[PDB]
């Protein structure tokens, strides 16, 4: 049985009907030609093609794509057409998903943190941060006093990182609550296999196994390992490691959805601290599969 920080875990099965989730958040939907699905699909970044081929291979699953951006009416027809052409593809708009169970007011986050900084002795506090918090509190946009709405507005990478974590918390229920055809088979508490669009599936994945039900991509560049969020598998909705990360996003004012919402969440979940060895933890939590060619943007360029 796998173990870390003095505790043993089960390799939990992620069964072969678990849906697969991709993501495409488009800051520049005007860049596509008329009649094109607005998911990047160049020779350099053949991402829509990769997603279609995944759905073709995994014919017994639903392949979802969580999308966001100011799509035109014609682009929304192209998404419908895409779904009509590929039976097991679900296009899921961010704005249509019910994330409200994960939200928190920004004003509460700031106020709690102000009180936290005031509880420290004056010589031991972050005086600069305490001043920023008081000014942030005064400048919350009207009607936008919401952690989730504050990320929905962004157009840089934290926009897709933040909703990626929440969509994986929803997991099976992301799919069941769309009402789309074919999603009848998934349960609200089912797990989810999240992949970047450059994660190439070459054959059926079958049953997956993950310590305590979660595993994530590990990048290894120049003998240096890094936990990454470009593949994430969970065996159930509201996985406790992602709940721990959401709690941090709700508490830590300079939190980042990748470093904190995913990374610190999974570290806390397994009691990883500065006492422990990062490479050993990477080895422990790693998701890798012989039928996936990982992160093929490494051969071209990053799309963000």
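Numbering follows the first chain given and starts at 1.
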property: Residue stretch of maximal mean CA temperature factor, 120-128 vs 207-215; result: 120-128
property: Entry-level comparison of average CA B-factors, 42-50 and 271-279, reporting the higher stretch; result: 42-50
property: Residue with maximal Cα B-factor (values as given in the PDB entry) among 235, 251, 59, 238; result: 59
property: Deposited CA B-factor, highest of 176, 113, 229, 100; result: 176
property: Relative C-alpha B-factor of residue 221, binned into the chain's lowest, middle or highest third; result: highest
property: Modelled-residue ranking by C-alpha temperature factor, third containing residue 37; result: highest
property: Residue 26 by Cα B-factor - lowest, middle or highest third of the modelled chain; result: middle
property: CA B-factor ranking of residue 286, expressed as a third of its chain; result: lowest
property: Residue 158, C-alpha B-factor rank within chain (lowest, middle or highest third); result: lowest
